[PDB]
Amino acid sequence: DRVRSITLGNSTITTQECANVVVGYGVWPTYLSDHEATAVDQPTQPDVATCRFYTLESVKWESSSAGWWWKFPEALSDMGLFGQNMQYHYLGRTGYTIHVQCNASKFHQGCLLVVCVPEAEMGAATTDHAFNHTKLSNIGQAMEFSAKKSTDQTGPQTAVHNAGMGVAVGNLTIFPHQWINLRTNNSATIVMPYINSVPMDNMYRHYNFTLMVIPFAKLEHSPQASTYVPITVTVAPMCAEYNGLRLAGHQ
Amino acid sequence: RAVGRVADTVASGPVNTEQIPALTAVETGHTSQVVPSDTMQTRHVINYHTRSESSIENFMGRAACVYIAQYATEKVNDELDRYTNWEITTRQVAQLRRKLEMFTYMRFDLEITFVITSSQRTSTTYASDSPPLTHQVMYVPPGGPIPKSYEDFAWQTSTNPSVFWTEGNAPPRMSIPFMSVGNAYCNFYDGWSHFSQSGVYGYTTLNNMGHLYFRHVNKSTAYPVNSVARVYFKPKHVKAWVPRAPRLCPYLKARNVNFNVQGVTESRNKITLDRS
Amino acid sequence: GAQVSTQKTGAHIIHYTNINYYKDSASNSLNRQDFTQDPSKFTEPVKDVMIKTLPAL
Amino acid sequence: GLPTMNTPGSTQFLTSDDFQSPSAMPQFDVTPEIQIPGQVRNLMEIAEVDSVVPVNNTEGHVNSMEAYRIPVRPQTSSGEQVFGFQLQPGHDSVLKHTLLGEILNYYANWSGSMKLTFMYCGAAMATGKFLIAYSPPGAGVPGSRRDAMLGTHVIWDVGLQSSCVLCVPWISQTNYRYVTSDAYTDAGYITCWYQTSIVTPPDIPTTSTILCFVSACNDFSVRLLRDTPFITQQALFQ
Amino acid sequence: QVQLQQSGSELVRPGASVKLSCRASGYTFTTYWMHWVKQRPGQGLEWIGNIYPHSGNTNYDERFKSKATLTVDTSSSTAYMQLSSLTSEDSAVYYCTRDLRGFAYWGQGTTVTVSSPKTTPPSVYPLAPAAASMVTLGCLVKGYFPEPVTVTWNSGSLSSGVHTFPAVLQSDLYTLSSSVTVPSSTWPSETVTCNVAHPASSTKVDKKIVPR
Amino acid sequence: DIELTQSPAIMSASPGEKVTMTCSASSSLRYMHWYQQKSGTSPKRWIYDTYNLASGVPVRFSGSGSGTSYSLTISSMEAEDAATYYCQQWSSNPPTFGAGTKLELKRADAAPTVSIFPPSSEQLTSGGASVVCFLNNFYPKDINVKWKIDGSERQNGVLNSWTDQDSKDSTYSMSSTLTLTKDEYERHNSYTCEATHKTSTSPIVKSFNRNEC
Ligand SMILES: CCCCCCCCCCCCC/C=C/[C@H](O)[C@H](N)CO
């Protein structure tokens with residue numbers, strides 16, 4: 001059906017035009033088991049103070065927009081007690097529920113691709129130059145793709161048809177994805193598990209995945225319609241646990 | 001029914017139903033499972049085709065050149081000297097790097113073959129009887145003592161593995177186990193080496209596999225001789241996770257994912273086909 | 001330890017013998033006869049099952 | 001001293017052999033594997049996933065997102081053409097760089113049925129009907145909707161379900177076709193036509209957009225591994 | 001340890017064939033490249049010539065071609081770097097470095113000038129002031145043609161505050177200065193003297209400083 | 001085209017700061033060597049193969065550099081780190097490398113003294129004339145000097161000799177001398193020296209005349 005309710009902690013998301021839920025690679029998030037652990041000490045597991053819906057800021061969809069990206073867990077570093085547990089611990093491990101939501105009327109058109117791309121290592125704009133960590137991910141800010149190519153000396157390459165990775169942007173539909181087609185869709189929901197080559201990892205030096213929202217068909221409407229269409233991203237951690245308690249980082 | 005064998009097609013007739021296999025919604029992230037037995041009338045075909053060539057072991061299990069080493073019997077500069085080294089990486093050749101970068105994480109054993117040819121350096125005379133040339137390919141694990149020069153003590157290889165090979169025979173070969181400290185080889189790494197998000201960005205900080213040192217074990221020749229050692233890698237017992245989109249742009253560096261901006265495909269003159 | 005498998009042959013004397021000579025499993029030959037697959041992780045990664053003949057919404 | 005005899009083939013290096021070799025690190029303790037999601041066992045699990053096709057690749061639109069957007073508008077007379085390409089999944093410039101195209105370029109043969117999914121991305125108040133056909137190669141490309149209704153077609157009705165699937169069947173005289181296309185293994189043409197029109201209420205933009213997705217059915221296979229003709233280099237990457 | 005040093009040459013009567021001597025014996029003999037790095041007083045580091053003992057394949061550099069003969073003699077273990085038909089530009093410190101991966105085993109370097117001058121004696125001249133708790137001193141050496149000079153104060157008993165100045169050449173002659181700090185407890189009580197000696201020209205000049 | 005040397009000519013750093021290096025080469029490279037030339041003996045080898053090692057180099061030294069730009073960075077300077085650094089590249093016409101990247105140890109800036117020693121009877125008898133003034137124990141290196149006699153300026157025959165960096169105070173000492181003739185010194189009266197520097201406001205003046213013996 002097209003209705004859906006998601007409850008995580010003291011927060012609830014309601015939806016009346018839902019497509020479906022994409023669950024990762026068929027895997028639901030879960031805790032670590034004893035036959036896959038490496039660290040010996042007991043982990044902490046705050047199940048309701050940390051696994052709840054955290055809403056980021058909004059972006060403005062225009063007829064010239066190229067797309068946006070957020071890198072996780074670094075996009076939720078200032079969000080509540082999820083961000084405070086990242087400061088005091090050496091290792092962390094979590095899955096996510098991403099709910100991207102964009103509403104418009106029956107007289108608007110446009111289509112977004114909402115991918116969750118694991119290990120989206122980005123190539124630099126000025127090749128032969130290393131590039132900063134502030135141009136890759138701020139703490140909650142949405143970084144913007146560009147239509148043409150980027151000539152920044154210390155940033156990544158933001159031409160959206162290459163997706164910043166050297167690939168074709170049309171082939172991004174093997175990562176867990178959903179579309180928001182304004183003719184038929186209101187929001188997109190993707191449930192991501194923990195994907196890594198190690199059972200636990202530092203949540204500061206490493207970006208797990210990158211959520212991109214790319215407009216494939218551009219937003220166009222009548223001039224007498226409503227011109228401000230926002231896109232809002234609500235992310236909830238799932239089954240988050242942390243090892244290695246020490247003083248507050250991060251260096 | 002055997003495993004690997006593709007599915008047969010069933011016979012179908014005309015329909016007039018409220019069922020709609022063609023009408024779907026790709027907004028759900030779901031690829032439709034429409035077979036030709038849903039939108040037309042088909043016959044019963046028995047399909048004997050098999051997907052044996054498409055397996056990860058068959059697609060990866062060919063030997064590919066990863067490096068071309070160069071060293072001489074007499075030193076002219078550096079390079080080329082009486083010995084040479086190579087930090088082990090699968091990212092200096094374009095053909096195997098693109099085959100490996102279709103997966104995010106991998107796990108395989110390694111079979112390594114060296115094809116070591118040799119040729120006489122340009123001189124005013126070449127008439128000299130030479131004994132058969134012997135080569136050494138020492139593997140230095142990460143952190144071990146590297147040879148500082150020729151005739152160094154580190155070529156005594158008391159714990160480091162090492163192969164000797166005389167020219168004319170079969171190429172040498174040895175197998176390598178899965179050498180990572182984590183549970184899988186990381187083809188990509190969206191992250192930094194330091195916790196302050198500085199230093200080295202990318203997969204370079206994770207690949208630490210040691211060096212590979214080459215030399216001639218013969219002390220000299222009469223006239224100098226250049227030598228080329230080609231390293232061939234074949235993965236085996238392969239596991240692969242999280243498939244990536246294929247690399248479109250040509251590579252530029254062996255330590256970066258950097259690229260120049262390229263079009264998504266090739267261009268044509270118009271969007272329609274026009275003839276009768 | 002003579003393992004007798006089936007050779008890869010066409011469709012419409014067919015076996016081979018293998019001995020392992022070394023003590024490490026990294027020293028074996030390739031596993032070229034395993035063709036198992038399940039593409040439903042990538043092609044149908046949904047929460048509620050979508051029937052083919054039914055409407056999608 | 002067991003008497004043996006050397007057959008032709010000794011002391012050779014064939015790059016596609018299965019022999020055993022002595023380990024360089026003997027009795028090495030490998031780290032135990034964990035359950036990572038998304039394990040790939042076949043390359044055809046990847047090729048069965050939808051990827052959007054750049055049909056509108058007329059220059060210069062290959063350096064933007066205009067390659068993927070197929071423009072449709074209200075017409076003045078019905079029966080016009082929307083797009084058209086030749087069914088060469090590894091050779092045509094429309095289909096060779098998709099997710100199904102980059103896998104076929106590692107091979108020299110291909111066989112099986114393929115799927116074409118089309119997605120109307122216009123307003124919720126605009127209606128339309130289309131005819132997507134597939135013509136086998138014996139008689140050239142069609143030049144009208146009358147020359148294309150005689151082929152293998154389907155009539156898309158745009159409604160609540162925004163997508164429709166043209167399934168291209170396997171019609172050939174050989175079991176396998178060639179990836180680098182020749183005249184002997186021609187696979188045909190794919191065209192799309194206006195069945196009626198796009199009919200919109202007032203205060204709606206005229207030009208609209210269809211996205212097209214390609215994948216493979218459950219009888220698809222490939223053969224004859226080879227190197228891809230897409231990647232290249234002159235010197236070694238330093 | 002690689003022994004020992006290199007030897008320096010003086011001004012010769014013109015027309016002869018000059019020849020250095022590098023005593024580089026820490027061998028490890030004999031397959032290596034004795035690359036001869038050169039350096040001017042402008043501190044610029046370029047190369048003069050190399051050799052190979054197994055074959056004889058010598059090399060050179062574009063400024064020192066025609067002719068710099070460097071023949072190998074492994075029984076003497078020496079390496080020569082002098083060039084024939086050279087001009088007066090080669091007043092330079094001459095390194096003779098054996099090889100490793102980099103430039104590891106360098107030489108200590110010998111300075112050799114070449115012209116047609118005459119050896120002139122040094123001239124130790126009085127520097128005394130004509131007012132505080134201390135004073136400076138000095139004795140100028142003016143007009144010595146070859147580069148060896150000597151800076152001595154009181155036969156090595158007041159040798160702490162001796163600031164050593166280089167002799168920039170003007171009109172093809174060297175001019176430096178050599179001072180010392182003298183407190184008022186010893187000025188003008190005791191006799192302070194200096195000596196500039198030229199061993200290439202064999203003359204010793206001693207002067208006792210008395211304030212005017 | 002085509003010359004190759006280090007990028008900074010004369011730098012200055014105290015023991016306790018960063019020493020990051022930058023060079024230039026006329027041709028590309030794969031390896032890069034870094035050295036240290038101290039005043040008094042031959043230079044030594046510090047970094048080969050862009051990172052590897054040396055015999056006596058401590059752990060604080062680091063290096064890099066590929067192609068046409070080198071970098072031999074010291075993470076922390078100490079008192080034993082005062083030397084000139086040059087590069088290396090073997091060729092096929094070696095480039096050549098630089099002449100050495102000069103540096104001096106930094107401390108509090110010193111103001112000098114100036115002492116004029118008048119020409120005695122032994123120089124005027126022989127046929128010479130030289131009025132001297134010695135600028136010793138100053139910091140940094142740059143000093144504007146000038147020779148003024150009876151009001152007007154003179155720049156012919158002047159000298160600027162430079163001591164090296166000291167081992168005890170690590171300051172400099174300069175000799176500012178002109179040469180004259182026996183009747184050239186007998187046609188002026190007041191021979192002075194002013195040493196202009198940024199430490200003091202006005203340059204220090206010492207004066208003497210000829211009408212006293
Ligand atoms: C003379 C004896 C030669 C023996 C050869 C030993 C070399 C074996 C070490 C290499 C093993 C790991 C190879 C690395 C694979 C890829 O780089 C990983 N995907 C990234 O780390």
# chains A, B, ... in the order shown; residues from 1 in each chain; ligands from 1
>>> select_by_dssp(residues="stretch 49-208 of chain D", states="helix (DSSP H, G or I)", output="PyMOL selection string")
chain D and resi 65-67+101-104+137-139+146-149
>>> write_last_selection(atoms="C-alpha atoms", output="PDB file, in the first residue's frame")
ATOM      1  CA  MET D  65      22.366  15.078 -17.785  1.00  0.00           C
ATOM      2  CA  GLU D  66      20.608  15.752 -21.097  1.00  0.00           C
ATOM      3  CA  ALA D  67      21.845  12.401 -22.427  1.00  0.00           C
ATOM      4  CA  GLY D 101      27.027  -2.886 -21.910  1.00  0.00           C
ATOM      5  CA  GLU D 102      30.199  -2.751 -19.816  1.00  0.00           C
ATOM      6  CA  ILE D 103      29.850  -6.438 -18.887  1.00  0.00           C
ATOM      7  CA  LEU D 104      29.306  -7.613 -22.471  1.00  0.00           C
ATOM      8  CA  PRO D 137      16.573  -7.153 -38.980  1.00  0.00           C
ATOM      9  CA  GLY D 138      15.473  -8.698 -42.274  1.00  0.00           C
ATOM     10  CA  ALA D 139      13.821  -5.660 -43.863  1.00  0.00           C
ATOM     11  CA  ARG D 146       2.321   1.320 -39.720  1.00  0.00           C
ATOM     12  CA  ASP D 147       5.687  -0.272 -40.513  1.00  0.00           C
ATOM     13  CA  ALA D 148       6.246  -0.822 -36.770  1.00  0.00           C
ATOM     14  CA  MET D 149       2.854  -2.162 -35.654  1.00  0.00           C
TER      15      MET D 149
END
>>> interface_residues(of="chain B", to="chain A", cutoff="7 Å", atoms="only C-alpha atoms", output="PDB file with N, CA, C and O atoms, in the first residue's frame")
ATOM      1  N   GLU B  27      10.193   3.306  -9.373  1.00  0.00           N
ATOM      2  CA  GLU B  27      10.428   4.178  -8.230  1.00  0.00           C
ATOM      3  C   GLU B  27      10.682   3.401  -6.945  1.00  0.00           C
ATOM      4  O   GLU B  27      11.179   3.981  -5.977  1.00  0.00           O
ATOM      5  N   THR B  28      10.341   2.116  -6.907  1.00  0.00           N
ATOM      6  CA  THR B  28      10.541   1.293  -5.726  1.00  0.00           C
ATOM      7  C   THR B  28      11.963   0.772  -5.594  1.00  0.00           C
ATOM      8  O   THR B  28      12.281   0.159  -4.572  1.00  0.00           O
ATOM      9  N   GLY B  29      12.820   0.999  -6.584  1.00  0.00           N
ATOM     10  CA  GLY B  29      14.146   0.425  -6.573  1.00  0.00           C
ATOM     11  C   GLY B  29      14.199  -1.022  -6.986  1.00  0.00           C
ATOM     12  O   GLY B  29      15.234  -1.668  -6.801  1.00  0.00           O
ATOM     13  N   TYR B 105      34.966  -4.891  -1.978  1.00  0.00           N
ATOM     14  CA  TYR B 105      35.803  -5.724  -1.131  1.00  0.00           C
ATOM     15  C   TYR B 105      36.023  -7.061  -1.812  1.00  0.00           C
ATOM     16  O   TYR B 105      35.140  -7.560  -2.512  1.00  0.00           O
ATOM     17  N   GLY B 182      42.649  -6.972   7.835  1.00  0.00           N
ATOM     18  CA  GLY B 182      41.209  -6.992   7.955  1.00  0.00           C
ATOM     19  C   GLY B 182      40.630  -8.178   7.219  1.00  0.00           C
ATOM     20  O   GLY B 182      41.335  -8.962   6.594  1.00  0.00           O
ATOM     21  N   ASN B 183      39.309  -8.289   7.269  1.00  0.00           N
ATOM     22  CA  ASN B 183      38.657  -9.481   6.749  1.00  0.00           C
ATOM     23  C   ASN B 183      38.494  -9.482   5.236  1.00  0.00           C
ATOM     24  O   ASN B 183      38.037 -10.489   4.689  1.00  0.00           O
ATOM     25  N   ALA B 184      38.874  -8.407   4.549  1.00  0.00           N
ATOM     26  CA  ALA B 184      38.782  -8.350   3.098  1.00  0.00           C
ATOM     27  C   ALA B 184      39.733  -7.285   2.579  1.00  0.00           C
ATOM     28  O   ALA B 184      40.020  -6.306   3.269  1.00  0.00           O
ATOM     29  N   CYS B 186      40.419  -4.093   0.682  1.00  0.00           N
ATOM     30  CA  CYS B 186      39.628  -2.916   0.348  1.00  0.00           C
ATOM     31  C   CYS B 186      40.113  -2.359  -0.982  1.00  0.00           C
ATOM     32  O   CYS B 186      41.249  -1.890  -1.090  1.00  0.00           O
ATOM     33  N   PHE B 188      38.497   0.212  -2.337  1.00  0.00           N
ATOM     34  CA  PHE B 188      38.268   1.628  -2.124  1.00  0.00           C
ATOM     35  C   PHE B 188      38.262   1.911  -0.633  1.00  0.00           C
ATOM     36  O   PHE B 188      37.965   1.035   0.180  1.00  0.00           O
ATOM     37  N   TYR B 189      38.616   3.144  -0.280  1.00  0.00           N
ATOM     38  CA  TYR B 189      38.623   3.564   1.117  1.00  0.00           C
ATOM     39  C   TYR B 189      38.304   5.054   1.148  1.00  0.00           C
ATOM     40  O   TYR B 189      39.177   5.886   0.890  1.00  0.00           O
ATOM     41  N   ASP B 190      37.056   5.376   1.472  1.00  0.00           N
ATOM     42  CA  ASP B 190      36.620   6.758   1.635  1.00  0.00           C
ATOM     43  C   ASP B 190      37.049   7.227   3.019  1.00  0.00           C
ATOM     44  O   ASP B 190      36.278   7.231   3.979  1.00  0.00           O
ATOM     45  N   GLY B 191      38.305   7.635   3.129  1.00  0.00           N
ATOM     46  CA  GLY B 191      38.783   8.048   4.428  1.00  0.00           C
ATOM     47  C   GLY B 191      40.229   8.479   4.400  1.00  0.00           C
ATOM     48  O   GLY B 191      40.856   8.568   3.348  1.00  0.00           O
ATOM     49  N   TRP B 192      40.746   8.738   5.595  1.00  0.00           N
ATOM     50  CA  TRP B 192      42.059   9.319   5.807  1.00  0.00           C
ATOM     51  C   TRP B 192      42.916   8.375   6.634  1.00  0.00           C
ATOM     52  O   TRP B 192      42.437   7.385   7.190  1.00  0.00           O
ATOM     53  N   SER B 193      44.202   8.695   6.703  1.00  0.00           N
ATOM     54  CA  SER B 193      45.128   7.934   7.525  1.00  0.00           C
ATOM     55  C   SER B 193      45.167   8.429   8.960  1.00  0.00           C
ATOM     56  O   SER B 193      45.349   7.627   9.880  1.00  0.00           O
ATOM     57  N   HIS B 194      44.981   9.726   9.172  1.00  0.00           N
ATOM     58  CA  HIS B 194      44.997  10.315  10.501  1.00  0.00           C
ATOM     59  C   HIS B 194      43.577  10.552  10.994  1.00  0.00           C
ATOM     60  O   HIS B 194      42.648  10.733  10.204  1.00  0.00           O
ATOM     61  N   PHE B 195      43.417  10.556  12.319  1.00  0.00           N
ATOM     62  CA  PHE B 195      42.102  10.759  12.915  1.00  0.00           C
ATOM     63  C   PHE B 195      41.634  12.202  12.813  1.00  0.00           C
ATOM     64  O   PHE B 195      40.456  12.475  13.056  1.00  0.00           O
ATOM     65  N   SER B 196      42.524  13.129  12.476  1.00  0.00           N
ATOM     66  CA  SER B 196      42.180  14.529  12.299  1.00  0.00           C
ATOM     67  C   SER B 196      41.741  14.850  10.877  1.00  0.00           C
ATOM     68  O   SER B 196      41.601  16.032  10.546  1.00  0.00           O
ATOM     69  N   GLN B 197      41.518  13.818  10.051  1.00  0.00           N
ATOM     70  CA  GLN B 197      41.129  13.925   8.643  1.00  0.00           C
ATOM     71  C   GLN B 197      42.140  14.741   7.843  1.00  0.00           C
ATOM     72  O   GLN B 197      41.794  15.664   7.105  1.00  0.00           O
ATOM     73  N   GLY B 202      42.341   8.134   0.682  1.00  0.00           N
ATOM     74  CA  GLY B 202      42.100   7.113  -0.318  1.00  0.00           C
ATOM     75  C   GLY B 202      42.596   5.736   0.050  1.00  0.00           C
ATOM     76  O   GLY B 202      42.880   5.468   1.217  1.00  0.00           O
ATOM     77  N   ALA B 245      29.902   0.490  -9.860  1.00  0.00           N
ATOM     78  CA  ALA B 245      29.727   0.870 -11.251  1.00  0.00           C
ATOM     79  C   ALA B 245      31.083   0.858 -11.950  1.00  0.00           C
ATOM     80  O   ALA B 245      32.102   1.169 -11.324  1.00  0.00           O
ATOM     81  N   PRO B 246      31.138   0.480 -13.227  1.00  0.00           N
ATOM     82  CA  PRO B 246      32.435   0.360 -13.899  1.00  0.00           C
ATOM     83  C   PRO B 246      33.071   1.714 -14.155  1.00  0.00           C
ATOM     84  O   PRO B 246      32.390   2.711 -14.400  1.00  0.00           O
ATOM     85  N   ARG B 247      34.399   1.731 -14.077  1.00  0.00           N
ATOM     86  CA  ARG B 247      35.163   2.951 -14.283  1.00  0.00           C
ATOM     87  C   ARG B 247      35.067   3.392 -15.735  1.00  0.00           C
ATOM     88  O   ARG B 247      35.360   2.619 -16.649  1.00  0.00           O
ATOM     89  N   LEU B 248      34.647   4.635 -15.946  1.00  0.00           N
ATOM     90  CA  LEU B 248      34.474   5.185 -17.280  1.00  0.00           C
ATOM     91  C   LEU B 248      35.698   5.959 -17.754  1.00  0.00           C
ATOM     92  O   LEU B 248      36.159   5.767 -18.882  1.00  0.00           O
ATOM     93  N   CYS B 249      36.238   6.818 -16.905  1.00  0.00           N
ATOM     94  CA  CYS B 249      37.333   7.702 -17.255  1.00  0.00           C
ATOM     95  C   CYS B 249      38.673   6.979 -17.131  1.00  0.00           C
ATOM     96  O   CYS B 249      38.830   6.094 -16.291  1.00  0.00           O
ATOM     97  N   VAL B 257      42.079   7.997  -7.241  1.00  0.00           N
ATOM     98  CA  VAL B 257      40.937   7.757  -8.104  1.00  0.00           C
ATOM     99  C   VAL B 257      40.713   8.932  -9.055  1.00  0.00           C
ATOM    100  O   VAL B 257      39.621   9.087  -9.594  1.00  0.00           O
ATOM    101  N   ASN B 258      41.732   9.765  -9.250  1.00  0.00           N
ATOM    102  CA  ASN B 258      41.592  11.023  -9.966  1.00  0.00           C
ATOM    103  C   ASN B 258      41.328  10.798 -11.448  1.00  0.00           C
ATOM    104  O   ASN B 258      41.722   9.782 -12.025  1.00  0.00           O
ATOM    105  N   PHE B 259      40.654  11.765 -12.064  1.00  0.00           N
ATOM    106  CA  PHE B 259      40.186  11.606 -13.432  1.00  0.00           C
ATOM    107  C   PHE B 259      39.963  12.975 -14.055  1.00  0.00           C
ATOM    108  O   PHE B 259      39.799  13.978 -13.356  1.00  0.00           O
ATOM    109  N   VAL B 261      37.276  14.933 -16.743  1.00  0.00           N
ATOM    110  CA  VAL B 261      35.841  14.824 -16.988  1.00  0.00           C
ATOM    111  C   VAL B 261      35.606  14.366 -18.421  1.00  0.00           C
ATOM    112  O   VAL B 261      36.130  14.957 -19.371  1.00  0.00           O
ATOM    113  N   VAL B 264      29.443  10.756 -21.053  1.00  0.00           N
ATOM    114  CA  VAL B 264      28.923   9.486 -20.551  1.00  0.00           C
ATOM    115  C   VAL B 264      28.983   8.398 -21.616  1.00  0.00           C
ATOM    116  O   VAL B 264      29.102   7.211 -21.288  1.00  0.00           O
TER     117      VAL B 264
END
>>> residues_around(residues="residue B:15", least_positions_apart="2", cutoff="12 Å", atoms="only C-alpha atoms", output="number ranges by chain")
B: 12-13, 17-21, 37-41
>>> residues_near_ligand(ligand="ligand 1", cutoff="6 Å", atoms="only C-alpha atoms and all ligand atoms", output="VMD selection string")
chain B and resid 89 to 90 137 to 139 161 to 163 176 179 185 187 207 209
>>> closest_residue(among="D:119, D:142, D:215, D:188", to="chain C", atoms="only C-alpha atoms")
D:215
>>> residues_around(residues="residue F:69", least_positions_apart="5", cutoff="12 Å", atoms="only C-alpha atoms", output="CSV table (one decimal) with N, CA and C atoms, in the first residue's frame")
chain,number,residue,atom,x,y,z
A,128,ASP,N,46.9,16.3,-9.6
A,128,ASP,CA,48.3,16.5,-9.0
A,128,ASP,C,48.2,17.3,-7.7
F,4,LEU,N,68.0,24.9,-13.0
F,4,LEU,CA,67.3,24.2,-11.8
F,4,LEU,C,68.0,24.5,-10.5
F,5,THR,N,67.3,25.1,-9.6
F,5,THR,CA,67.9,25.3,-8.2
F,5,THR,C,66.8,25.3,-7.2
F,6,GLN,N,67.2,25.5,-5.9
F,6,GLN,CA,66.2,25.5,-4.8
F,6,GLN,C,65.3,26.8,-4.9
F,7,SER,N,64.1,26.7,-4.4
F,7,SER,CA,63.2,27.8,-4.4
F,7,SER,C,63.6,29.0,-3.4
F,21,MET,N,60.8,22.4,3.1
F,21,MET,CA,61.7,22.7,2.0
F,21,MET,C,61.0,22.7,0.6
F,22,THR,N,61.5,23.4,-0.3
F,22,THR,CA,60.9,23.5,-1.7
F,22,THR,C,62.0,23.7,-2.7
F,23,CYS,N,62.1,22.9,-3.7
F,23,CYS,CA,63.1,23.0,-4.7
F,23,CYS,C,62.5,23.0,-6.1
F,24,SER,N,63.3,23.1,-7.1
F,24,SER,CA,62.9,23.1,-8.5
F,24,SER,C,63.9,22.3,-9.4
F,25,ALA,N,63.4,21.5,-10.3
F,25,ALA,CA,64.3,20.7,-11.2
F,25,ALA,C,63.8,21.0,-12.6
F,26,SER,N,64.8,20.9,-13.6
F,26,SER,CA,64.5,21.2,-15.0
F,26,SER,C,63.9,19.9,-15.7
F,27,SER,N,64.0,18.7,-15.0
F,27,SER,CA,63.6,17.5,-15.6
F,27,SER,C,62.9,16.7,-14.5
F,28,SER,N,62.0,15.7,-14.9
F,28,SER,CA,61.3,14.9,-14.0
F,28,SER,C,62.2,13.9,-13.3
F,29,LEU,N,61.7,13.3,-12.2
F,29,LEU,CA,62.4,12.3,-11.5
F,29,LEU,C,61.5,11.2,-11.0
F,30,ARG,N,62.2,10.2,-10.4
F,30,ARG,CA,61.5,9.0,-9.8
F,30,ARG,C,62.0,8.9,-8.3
F,31,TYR,N,63.3,9.2,-8.2
F,31,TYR,CA,63.9,9.3,-6.9
F,31,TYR,C,64.4,10.7,-6.6
F,32,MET,N,64.7,11.0,-5.4
F,32,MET,CA,65.2,12.3,-5.0
F,32,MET,C,66.0,12.2,-3.8
F,33,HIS,N,67.2,12.9,-3.8
F,33,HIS,CA,68.1,12.9,-2.7
F,33,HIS,C,68.3,14.2,-2.0
F,50,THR,N,63.8,9.1,-1.7
F,50,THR,CA,62.8,10.1,-1.3
F,50,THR,C,62.4,10.0,0.2
F,63,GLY,N,61.3,13.6,4.2
F,63,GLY,CA,61.6,14.1,2.9
F,63,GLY,C,60.5,13.5,1.9
F,64,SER,N,60.4,14.2,0.8
F,64,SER,CA,59.6,13.8,-0.4
F,64,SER,C,60.0,14.6,-1.6
F,87,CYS,N,69.8,19.2,-3.9
F,87,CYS,CA,69.1,18.0,-4.4
F,87,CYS,C,70.1,17.1,-5.2
F,88,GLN,N,69.6,16.1,-5.8
F,88,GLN,CA,70.3,15.2,-6.7
F,88,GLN,C,69.3,14.5,-7.7
F,89,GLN,N,69.8,14.3,-8.9
F,89,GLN,CA,69.1,13.5,-9.9
F,89,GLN,C,70.0,13.0,-11.0
F,97,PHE,N,71.6,20.1,-10.1
F,97,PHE,CA,70.8,20.4,-8.9
F,97,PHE,C,71.1,21.8,-8.4
F,98,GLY,N,70.5,22.2,-7.3
F,98,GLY,CA,70.7,23.5,-6.7
F,98,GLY,C,72.1,23.7,-6.1
>>> select_by_dssp(residues="stretch 105-167 of chain B", states="strand (DSSP E)", output="list in words")
residues 105, 106, 107, 108, 109, 110, 111, 112, 113, 114, 115, 116, 117, 118, 119, 120, 134, 135, 136, 137, 138, 139, 140, 162, 163, 164, 165 and 166 of chain B
>>> residues_around(residues="residue F:118", least_positions_apart="2", cutoff="10 Å", atoms="only C-alpha atoms", output="list in words")
residues 126, 127, 128, 129, 130 and 212 of chain E; 115, 116, 120, 121, 129, 130, 131, 132, 133, 191, 208, 209 and 210 of chain F
>>> decode(residues="stretch 85-89 of chain E", atoms="N, CA and C atoms", output="CSV table (one decimal), in the first residue's frame")
chain,number,residue,atom,x,y,z
E,85,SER,N,94.0,21.3,-21.2
E,85,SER,CA,93.5,22.5,-21.9
E,85,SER,C,92.5,23.3,-21.1
E,86,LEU,N,92.7,23.4,-19.8
E,86,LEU,CA,91.8,24.1,-18.9
E,86,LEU,C,92.2,25.6,-18.8
E,87,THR,N,91.3,26.4,-18.3
E,87,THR,CA,91.6,27.8,-18.3
E,87,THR,C,91.5,28.2,-16.8
E,88,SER,N,91.6,29.6,-16.5
E,88,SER,CA,91.7,30.0,-15.1
E,88,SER,C,90.4,30.0,-14.4
E,89,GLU,N,89.3,29.5,-15.0
E,89,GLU,CA,88.0,29.4,-14.3
E,89,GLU,C,87.9,28.3,-13.3
